[PDB]
């Protein structure tokens, strides 16, 4: 079986920065793309960002372009999401997701696209 270990959430005053990180370990097949989603309590899952493993092309949500910066680590099956200029309504649980199958076309942003999901990490922005 396979597991995605999130890390690096936390607590930050507005305007600050935080870095989420996710590492895929185990698994029978090699990574094709990794993404981050987020959900607040009683609200609906939102796509945050993603990155293709071979090409390295980044795809962000509207609320994240410019502020957020997703990247790989030496193709070490590790992915990072650096968030700058954070804000209160960015508070939520952040999920790392992985796609190990192949795909044809653009990176899609629907949760079904991603096979393997992390348990979630708490990101809170407060005064």
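Numbering follows the first chain given and starts at 1.
- Higher average CA B factor: 71 to 79, of the stretches 38 to 46 and 71 to 79.
- Per the PDB record, of the two stretches 91 to 99 and 60 to 68, 60 to 68 carries the greater mean B-factor over its C-alpha atoms.
- Ranked by C-alpha B-factor against the other modelled residues of its chain, residue 20 falls in the lowest third.
- Annotation for residue 9: CA B-factor lies in the lowest third of the chain's modelled residues.
- When the modelled residues of the chain are ordered by their C-alpha B factor, residue 124 lands in the middle third.
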